[PDB]
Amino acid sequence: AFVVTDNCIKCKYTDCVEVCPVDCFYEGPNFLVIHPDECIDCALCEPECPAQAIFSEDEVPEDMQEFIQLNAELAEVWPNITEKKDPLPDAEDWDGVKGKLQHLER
């Protein structure tokens, strides 16, 4: 699986969905996740994310490990998203701010 990590939050550019061949992204109000059983590890989404928030499971930074299970969990409850949309309105302001998990919306 690939995994969406902290920097997506309050950014949610959604560039990642457009290259995904198996449509395994799931949408929250201010974050996206990857369903780990559906992802085929094609890695195509990684360079597409302007927030640089996507990692191979086995490359998630130590300080963002909680994102692995959180993707798996939210992918069960959020709706599939398969089309790009506009980034969140103040994405640029939040791109690169650390610790945005505190802002994650369910």
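All residue numbers refer to positions in the sequence shown, first residue = 1.
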property: Comparing 77-85 with 36-44, the one whose average Cα B-factor in the PDB entry is higher; result: 77-85
property: Of 7-15 and 87-95, the stretch whose C-alpha atoms average the higher B-factor in the entry; result: 87-95
property: Ranked C-alpha temperature factor of residue 66 among modelled chain residues, by third; result: lowest
property: Residue 51, C-alpha B-factor rank within chain (lowest, middle or highest third); result: highest
